[PDB]
Amino acid sequence: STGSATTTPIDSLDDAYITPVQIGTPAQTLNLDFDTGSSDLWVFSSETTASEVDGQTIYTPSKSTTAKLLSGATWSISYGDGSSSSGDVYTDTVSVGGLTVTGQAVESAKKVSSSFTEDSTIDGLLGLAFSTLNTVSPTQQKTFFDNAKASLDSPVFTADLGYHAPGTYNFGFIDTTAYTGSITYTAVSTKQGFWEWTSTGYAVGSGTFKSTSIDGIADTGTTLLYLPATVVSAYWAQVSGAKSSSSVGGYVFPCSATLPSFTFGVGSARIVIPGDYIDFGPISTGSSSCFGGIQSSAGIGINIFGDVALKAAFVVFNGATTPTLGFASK
């Protein structure tokens with residue numbers, strides 16, 4: 001089997017991407033944030049505190065003839081930015097782009113933090129990291145990908161995120177028309193539950209490539225590119241007027257600037273992020289100071305190849321016995 005679904009930026013800045021997911025019988029379609037940095041599938045629901053729901057589409061398990069409460073099971077998750085949610089657990093039928101899993105754990109939110117309440121376009125998350133990170137207690141549950149793996153033509157999914165444009169998540173096959181040149185595969189460590197890999201270095205604009213190992217995670221659920229302070233300083237030094245602002249919380253730059261590209265290494269191959277991808281617009285409405293898409297990972301504790309990086313590539317998440325990551329230009 002295979003699946004294929006279109007993923008859509010939630011706003012003009014590509015702050016995140018939503019993908020329609022069918023849950024239950026008859027289908028309830030919710031737009032979820034596919035997140036290769038977490039491993040819980042959770043949804044706004046009929047059980048979510050009313051004051052904490054603000055425009056989202058909810059899952060109503062009582063209206064699903066295939067929903068079964070998973071007795072005793074609860075979940076609670078906190079994300080890298082301080083967001084959180086928690087609730088109870090059903091199993092139900094979940095389909096993504098024609099690909100169906102029966103008995104998928106659907107984590108129903110009783111509580112969500114304000115940042116989720118404020119994002120009216122995100123109805124929940126669908127985690128695609130390794131199932132070892134799943135927060136369901138007392139019996140940990142598997143991700144959608146993990147559940148589907150055996151049935152897929154090939155045990156892979158691919159992320160093809162658009163810049164200010166729709167893109168595609170595919171399950172079970174590699175669309176050879178979706179990228180240019182070849183796919184370069186690189187080793188993954190699953191020891192922290194992430195799609196963790198090592199970039200072979202970077203360049204800024206037309207500058208010479210610096211060979212240097214950069215350990216980080218491929219994370220579709222993170223907006224920006226978070227890299228070591230040395231790397232990030234080297235980038236923003238090439239932008240006149242750019243500065244790190246503690247009050248704003250990162251590097252800012254004059255909105256009148258033209259940004260240089262940023263290249264990262266995958267083995268011997270190179271992925272080029274166009275400068276426009278690194279512009280996240282005014283820090284506040286009407287401001288002439290703009291927020292940068294490349295930021296320091298210092299104090300995060302890990303480097304993150306988020307959407308800024310991933311949307312410049314066709315990315316293969318290979319879930320073979322020994323997982324690997326593939327990157328191609330597009």
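Here, residue 1 is the first one in the sequence, and each next residue gets the next number.
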Taking the side chain as every heavy atom from C-beta outward, state whether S261 and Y277 have any atom pair closer than 4.5 Å.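 In short, these two side chains do not touch, never coming nearer than 4.5 Å.
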Does a side chain donor of either [X] or [Y] reach within less than 3.5 Å of an acceptor in the other side chain?
| X | Y | value |
| --- | --- | --- |
| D54 | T117 | no |
| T7 | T19 | yes |
| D40 | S38 | no |
| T60 | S62 | no |
| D215 | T198 | yes |
| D153 | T2 | no |
| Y79 | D35 | no |

Residue from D123, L126, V106 passing side chain to side chain contact (heavy atoms under 4.5 Å, CB included) with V43: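 Testing each of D123, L126, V106 against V43, the sole residue satisfying side chain to side chain contact (heavy atoms under 4.5 Å, CB included) is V106.
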Give a yes or no on whether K330 atom NZ has more than 12 heavy-atom contacts from other residues, nucleotides or ligands under 6.0 Å away.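 Yes.
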Using a 3.5 Å distance criterion without hydrogens, assess whether the side chain of [X] forms a donor-acceptor pair with backbone atoms of [Y].
| X | Y | value |
| --- | --- | --- |
| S85 | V112 | no |
| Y235 | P260 | yes |
| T36 | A218 | yes |
| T143 | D146 | yes |
| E52 | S113 | no |
| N31 | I18 | no |
| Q104 | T102 | no |
| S199 | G265 | yes |
| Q28 | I23 | no |
| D119 | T121 | no |

Please answer: with hydrophobic residues joined when any side-chain heavy atoms are less than 4.5 Å apart, are [X] and [Y] in the same cluster?
| X | Y | result |
| --- | --- | --- |
| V248 | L224 | yes |
| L325 | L133 | yes |
| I302 | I294 | yes |
| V272 | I183 | no |
| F209 | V204 | no |

Consider ring pair (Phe, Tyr, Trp, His ring centres under 6.0 Å). Of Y179, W197, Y185, which one does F327 pass it with?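 Of the listed residues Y179, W197, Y185, the ring pair (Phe, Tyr, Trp, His ring centres under 6.0 Å) partner of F327 is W197.
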Over 60° means perpendicular and under 30° means parallel, so tell me whether [X] and [Y] are parallel, tilted or perpendicular.
| X | Y | value |
| --- | --- | --- |
| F145 | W195 | tilted |
| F317 | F157 | parallel |
| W42 | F116 | perpendicular |
| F264 | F305 | tilted |

Output, in order, the C-alpha distance, side-chain angles, deciding distance and verdict of ring pair (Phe, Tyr, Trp, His ring centres under 6.0 Å) for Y17 and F34. CA-CA 7 Å; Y17 298 75; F34 282 26; over 10 Å; no
Stepwise ring pair (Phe, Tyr, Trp, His ring centres under 6.0 Å) check, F171 with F144: CA-CA 10 Å; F171 292 85; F144 173 82; 5.6 Å; yes
Determine, stepwise, if the pair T200 / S211 fulfils side-chain contact (heavy atoms from CB on, under 4.5 Å). CA-CA 6 Å; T200 50; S211 297; over 6 Å; no
Ignoring hydrogens and angles, write down the donor-acceptor pairs under 3.5 Å from the side chains of residues 306-316, residues two or more places apart or on other chains.
from : atom 1 : to  : atom 2 : distance (Å)
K311 : NZ     : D14 : OD2    : 2.8

